[PDB]
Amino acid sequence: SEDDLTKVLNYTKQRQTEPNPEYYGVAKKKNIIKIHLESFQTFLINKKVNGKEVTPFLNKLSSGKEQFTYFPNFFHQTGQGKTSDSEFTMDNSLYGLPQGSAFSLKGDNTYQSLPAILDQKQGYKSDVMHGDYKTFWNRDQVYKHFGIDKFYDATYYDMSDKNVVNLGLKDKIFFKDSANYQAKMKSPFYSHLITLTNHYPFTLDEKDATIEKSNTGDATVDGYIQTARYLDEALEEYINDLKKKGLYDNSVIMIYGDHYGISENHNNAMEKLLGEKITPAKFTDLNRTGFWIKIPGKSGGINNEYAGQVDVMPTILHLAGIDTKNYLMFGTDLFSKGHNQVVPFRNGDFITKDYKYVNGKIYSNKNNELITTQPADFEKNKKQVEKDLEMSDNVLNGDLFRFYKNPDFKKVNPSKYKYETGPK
């Protein structure tokens, strides 16, 4: 069993990259704000419906002219855990499980998570804010194992009828109250805001909508337009509030969609919306969920690197100026020249710069046309993908961090974390 840990540690060594000297430690001890966009897909970026931009603010950020670096080729790598899978991978650089939810099933495993590393190395206090109750997706248990200090769940927000839609709190009230909670925190903090409104079935009260539905006839797709617009507006206003509170300029700010909102069940309506048949290759391309990052002292831009949510943890750690040689991680720093441009999907599909592998076939990214002559690096890349998923599963199924005496990590005591019921 310590042998099983050893094999995984050895496996993750070869991909390790040196930080880019232009980015290394540039955000040391700066506040880090992480904004989750529920069910957000980047096919929305620059999209118009009835002549109106669905997501006008994120369109500005995605221009590269607004202090954020946008990655248009950034993919979620989630499975059945949905939001919890995305959270898991964002804070651990490990995959979720092939079936079921790592949060629900591995909630008392041992972890060496991002928030705990930031606390230990640099005195970061961590928090999550979310307008649902704390035991959904077993977050109450899981976050103590991650070493998250505070969890502002639904009990920190007014959950009256006028304030809720679908699963709970409306994003505009969420961001407004959350900005006010962040303004009262001590620096350095690591704050994760998880939104809720842009969630299946994508229902929005008429009085809240500012764009009309598309007219595909598919209620899911047509509704998604309105909730996506609403989230875009909530976010624009949130960024405004940060600027007013003095929490914008000197914060690392990251924004990301957690996973796709529109499944292959809606291929008819998506063909109408996007004006193209939704083939398996095309659906794979639509799994782009986006990453936007603003780093103090650095200009924004567009970076076309193919990458996944596994790459976020090592990127943040290198921005903080933390040496990561001893962390068991599957991703690599987005800003390093050695970044590994292969993105495994939970189902064994994967994408690279040049081609994608989807249900046992290879397609060129240029045109999504079938490739018949195997690329030079295909067997190497396919093997990496398969071994990545298997090795990550070995960590979760063997609870392998139990056997790791890591010179750069003090074991978390989960009983030291408690999330009290809020005033609301």
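Numbers follow the displayed sequence, beginning with 1.
Higher mean CA temperature factor between 179 to 187 and 289 to 297: 179 to 187, per the PDB entry. When the C-alpha B-factors of 320 to 328 and 157 to 165 are averaged, 157 to 165 comes out higher. Among 37, 358, 389, 58, the highest C-alpha B-factor in the deposited entry belongs to 358. Looking at 42, 31, 69, 367, the one whose CA carries the top B-factor in the deposited record is 367.
The PDB entry assigns residue 80 a C-alpha temperature factor belonging to the middle third of its chain's modelled residues. For residue 134, the recorded CA temperature factor ranks within the lowest third of the chain's modelled residues. Ranked within its chain, residue 140 lands in the middle third, by CA B factor from the PDB record.
Among the modelled residues of its chain, residue 219 has a C-alpha B-factor that falls in the lowest third according to the deposited record.
Split the chain's modelled residues into thirds by C-alpha temperature factor. Residue 336 is in the highest one.
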